[PDB]
Amino acid sequence: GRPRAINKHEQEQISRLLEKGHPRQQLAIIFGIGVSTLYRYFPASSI
DNA sequence: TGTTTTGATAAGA
DNA sequence: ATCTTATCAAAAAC
C-alpha cells in the first residue's frame, strides 16, 4: 500500500504543536501534506 | 496491469 | 468568509 504521510515521531510532534494552537493550515504547508489528512489524524474533537 | 492511505471535496437539523 | 467531518476517486508502493 501507499506509505503514511507522517511517521509516529512526526505524529507525536504535530500533536503537541496543535495543542499549542498551531493552525492545521500552516502545519500542512510545512509538512507537505493535505489539510484533510491532518483532520483525520487529529480530529478537532480530539484536542 | 493488479491488489493501503492520501487529499480534494461537498455538505453542515 | 471559516471550520469540521465522512466520503470516494486515485496516488503510491510492490
# chains A, B, ... in the order shown; residues from 1 in each chain; ligands from 1
>>> residues_around(residues="residue 6 of chain C", least_positions_apart="3", cutoff="12 Å", atoms="only C-alpha atoms (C1' of nucleotides)", output="PyMOL selection string")
(chain A and resi 36+39-40+43) or (chain B and resi 9-12)
>>> write_last_selection(atoms="N, CA, C and O atoms (P, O5', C5', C4', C3', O3' and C1' of nucleotides)", output="PDB file, in the first residue's frame")
ATOM      1  N   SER A  36      -6.803  17.962   5.035  1.00  0.00           N
ATOM      2  CA  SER A  36      -7.790  16.968   5.472  1.00  0.00           C
ATOM      3  C   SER A  36      -7.135  15.744   6.099  1.00  0.00           C
ATOM      4  O   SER A  36      -7.739  15.048   6.912  1.00  0.00           O
ATOM      5  N   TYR A  39      -6.837  16.622   9.744  1.00  0.00           N
ATOM      6  CA  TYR A  39      -8.093  16.444  10.485  1.00  0.00           C
ATOM      7  C   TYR A  39      -8.371  14.972  10.810  1.00  0.00           C
ATOM      8  O   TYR A  39      -8.944  14.668  11.854  1.00  0.00           O
ATOM      9  N   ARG A  40      -7.967  14.071   9.920  1.00  0.00           N
ATOM     10  CA  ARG A  40      -8.152  12.619  10.105  1.00  0.00           C
ATOM     11  C   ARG A  40      -7.243  12.104  11.218  1.00  0.00           C
ATOM     12  O   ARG A  40      -7.685  11.364  12.086  1.00  0.00           O
ATOM     13  N   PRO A  43      -8.607  14.788  14.968  1.00  0.00           N
ATOM     14  CA  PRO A  43      -9.897  15.451  14.870  1.00  0.00           C
ATOM     15  C   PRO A  43      -9.980  16.652  15.808  1.00  0.00           C
ATOM     16  O   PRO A  43      -9.363  16.644  16.869  1.00  0.00           O
TER      17      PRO A  43
ATOM     18  P    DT B   9     -11.207  20.159  -5.363  1.00  0.00           P
ATOM     19  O5'  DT B   9     -12.531  19.616  -4.669  1.00  0.00           O
ATOM     20  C5'  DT B   9     -12.919  18.260  -4.852  1.00  0.00           C
ATOM     21  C4'  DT B   9     -14.113  17.943  -3.985  1.00  0.00           C
ATOM     22  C3'  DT B   9     -14.918  19.187  -3.627  1.00  0.00           C
ATOM     23  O3'  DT B   9     -16.287  18.936  -3.876  1.00  0.00           O
ATOM     24  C1'  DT B   9     -14.482  17.913  -1.684  1.00  0.00           C
ATOM     25  P    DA B  10     -17.209  20.102  -4.476  1.00  0.00           P
ATOM     26  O5'  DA B  10     -18.643  19.603  -4.023  1.00  0.00           O
ATOM     27  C5'  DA B  10     -18.919  18.212  -3.948  1.00  0.00           C
ATOM     28  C4'  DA B  10     -19.717  17.899  -2.704  1.00  0.00           C
ATOM     29  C3'  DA B  10     -20.789  18.924  -2.359  1.00  0.00           C
ATOM     30  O3'  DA B  10     -21.921  18.209  -1.874  1.00  0.00           O
ATOM     31  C1'  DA B  10     -19.340  18.669  -0.509  1.00  0.00           C
ATOM     32  P    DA B  11     -23.374  18.879  -1.920  1.00  0.00           P
ATOM     33  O5'  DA B  11     -23.872  18.687  -0.426  1.00  0.00           O
ATOM     34  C5'  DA B  11     -23.675  17.436   0.224  1.00  0.00           C
ATOM     35  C4'  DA B  11     -23.533  17.641   1.709  1.00  0.00           C
ATOM     36  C3'  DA B  11     -24.567  18.603   2.294  1.00  0.00           C
ATOM     37  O3'  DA B  11     -25.080  18.030   3.491  1.00  0.00           O
ATOM     38  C1'  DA B  11     -22.405  19.248   2.964  1.00  0.00           C
ATOM     39  P    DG B  12     -26.401  18.633   4.167  1.00  0.00           P
ATOM     40  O5'  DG B  12     -25.866  19.144   5.571  1.00  0.00           O
ATOM     41  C5'  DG B  12     -25.186  18.247   6.437  1.00  0.00           C
ATOM     42  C4'  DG B  12     -24.522  19.009   7.556  1.00  0.00           C
ATOM     43  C3'  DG B  12     -25.404  20.100   8.165  1.00  0.00           C
ATOM     44  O3'  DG B  12     -25.259  20.067   9.576  1.00  0.00           O
ATOM     45  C1'  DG B  12     -23.345  21.011   7.527  1.00  0.00           C
TER      46       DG B  12
END
>>> closest_atom_pairs(of="chain A", to="chain C", cutoff="8 Å", atoms="only C-alpha atoms (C1' of nucleotides)", output="tab-separated table")
residue	atom	partner	partner_atom	distance
A:1	CA	C:13	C1'	5.5
A:2	CA	C:12	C1'	4.6
A:3	CA	C:12	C1'	7.1
A:39	CA	C:4	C1'	7.9
A:44	CA	C:4	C1'	7.1
>>> residues_around(residues="residue 7 of chain A", least_positions_apart="6", cutoff="12 Å", atoms="only C-alpha atoms (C1' of nucleotides)", output="JSON, numbers by chain")
{"A": [13, 14, 31, 41]}
>>> write_last_selection(atoms="C-alpha atoms", output="PDB file, in the first residue's frame")
ATOM      1  CA  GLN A  13       5.281  16.128  17.464  1.00  0.00           C
ATOM      2  CA  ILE A  14       2.430  17.511  15.367  1.00  0.00           C
ATOM      3  CA  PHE A  31       4.959  19.082   6.480  1.00  0.00           C
ATOM      4  CA  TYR A  41      -5.071  12.014  12.235  1.00  0.00           C
TER       5      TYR A  41
END
>>> residues_around(residues="residue 27 of chain A", least_positions_apart="3", cutoff="9 Å", atoms="only C-alpha atoms (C1' of nucleotides)", output="list in words")
residues 14, 17, 18, 22, 23, 24, 30, 31, 32, 33, 35 and 38 of chain A
>>> closest_atom_pairs(of="chain B", to="chain A", cutoff="10 Å", atoms="only C-alpha atoms (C1' of nucleotides)", output="Markdown table")
| residue | atom | partner | partner_atom | distance |
| --- | --- | --- | --- | --- |
| B:3 | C1' | A:1 | CA | 8.8 |
| B:4 | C1' | A:1 | CA | 4.0 |
| B:5 | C1' | A:2 | CA | 5.4 |
| B:6 | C1' | A:37 | CA | 7.1 |
| B:7 | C1' | A:34 | CA | 5.5 |
| B:8 | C1' | A:36 | CA | 8.4 |
| B:9 | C1' | A:36 | CA | 9.8 |
>>> atom_distance(atom1="atom CA of residue 28 of chain A", atom2="atom CA of residue 11 of chain A")
12.3 Å
